[PDB]
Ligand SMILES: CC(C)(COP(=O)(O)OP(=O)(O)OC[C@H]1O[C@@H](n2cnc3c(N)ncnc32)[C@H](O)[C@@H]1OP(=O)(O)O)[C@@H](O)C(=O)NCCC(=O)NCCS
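Only one chain is shown below, in structure tokens, and it's the form deposited without coenzyme A (COA).
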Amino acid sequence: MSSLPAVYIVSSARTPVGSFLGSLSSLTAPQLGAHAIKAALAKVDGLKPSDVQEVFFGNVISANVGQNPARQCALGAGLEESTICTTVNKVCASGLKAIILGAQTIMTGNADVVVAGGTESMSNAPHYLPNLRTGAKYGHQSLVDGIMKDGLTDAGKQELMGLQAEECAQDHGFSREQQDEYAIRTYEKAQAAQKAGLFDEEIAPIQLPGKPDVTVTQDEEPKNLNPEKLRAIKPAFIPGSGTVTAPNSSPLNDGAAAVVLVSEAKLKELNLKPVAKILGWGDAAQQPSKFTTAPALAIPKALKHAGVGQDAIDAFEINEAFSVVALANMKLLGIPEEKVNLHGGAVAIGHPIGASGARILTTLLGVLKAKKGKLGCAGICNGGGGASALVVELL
């Protein structure tokens, strides 16, 4: 990695994360992505939107979004029609893999300024009618929920991710109580960070056309913590013996996040101030129903690519697809919770799946700054068996 051109993050931005059919549900995925891209570029003193040459944007449930979600994001943000745009789907890791591809495109010399990230509007995922072209002559038919089909169901086992979370709890020995206490802790961290203003800088508030105008400034989920109801609710995927609940799982959510990447030569030519340096990354994958612990492969790989030891990381973002996912990866890797998701995670903040990989990187940069850290690592598992991870240095 060191033998390649350096890639600098000169800014990042995210929308608030809205709840399913909640505060951001009137916005399409490209409207959220354009908003995040525009807000990221506005932060870079000396860089113009017309300087952006290429965009990689994550998006998982693209049905009915229209041609090339990333291109709509880029044009809706005011980028030039000359901008190269590609939409990326690695399910929940789409937003981080997009950033990786953007970094590589600078490294091979095909761009000097790249915007990358991801968006998802799970609120506006449609239902599918799959057999209208050839017909179904007789019998009841089905309308497929696109979130379930293209977001949350393992293709091979045809089981929702919550059932894979239960495999994780069984495979690595985490009870209902341990998952519940993890979830309460991450809600508490997200609420503390909210109240102390620590998300103010990364979040770009959304102004909804008005009745008068509404401004959405906060992530919607963190305030929902009720620890009594959380400990009392019935398990959501396995009656009786189940351990995974809707409170201790990530929700369905809407949101977007973006980073701006520049080459070393371009940094100097425009006299830009870098926020961070990308040191390395890693993708890994294993058995699809075991996607939950693929970050225990991707994270060591990213660290080795970056040439950084694990003990040197100041903060990790381990995406909280479920509380059990953080618990199992912390156990497998030997990472203390004291270094993980310092401002809370997706169980408390939300999980707009095509965007989460870029969302946690944005939050990591804030964590490193708030905590006077220098080296951070983001790792995110994805449906299908994969994970992606990235190592940054805050400058």
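Just count from 1 along the sequence shown to find any residue number.
There is also a form solved in complex with coenzyme A (COA); it is not shown, and the following applies to it.
With the site C-alphas superimposed, the ligand pose in the bound PDB entry sets coenzyme A (COA) onto this chain such that no atom is closer than 2.4 Å to backbone or C-beta atoms; an open site results. The candidate site formed by 199, 281 and 306 is entirely out of contact with coenzyme A (COA) in the bound PDB entry, as no residue has a non-hydrogen atom within 4.5 angstroms of it. Heavy atoms of residue 353 reach within 4.5 Å of coenzyme A (COA) in the bound PDB entry, making it an interface residue. Proximity of residue 146 to coenzyme A (COA) in the bound PDB entry: non-hydrogen atoms within 4.5 Å are absent; the residue sits far from the partner. Contact between residue 128 and coenzyme A (COA) in the bound PDB entry is not found at the 4.5 Å heavy atom cutoff. The shortest heavy atom separation between residue 226 and coenzyme A (COA) in the bound PDB entry is within 4.5 Å. Checking 212-220, 264-272, 111-119, 251-259 against coenzyme A (COA) in the bound PDB entry, the stretch whose residues place heavy atoms within 4.5 Å of it is 251-259.
Between coenzyme A (COA) and the residues 73, 92, 99, 324, the one pair within 4.5 Å by heavy atoms in the bound PDB entry involves 92.
Proximity to coenzyme A (COA) in the bound PDB entry, defined as a heavy atom within 4.5 Å, singles out one entry of 107, 192, 230, 85, which is 230.
Heavy atoms closer than or equal to 4.5 Å to coenzyme A (COA) in the bound PDB entry belong, across 134-161, to the residues 152, 161, ordered by sequence position.
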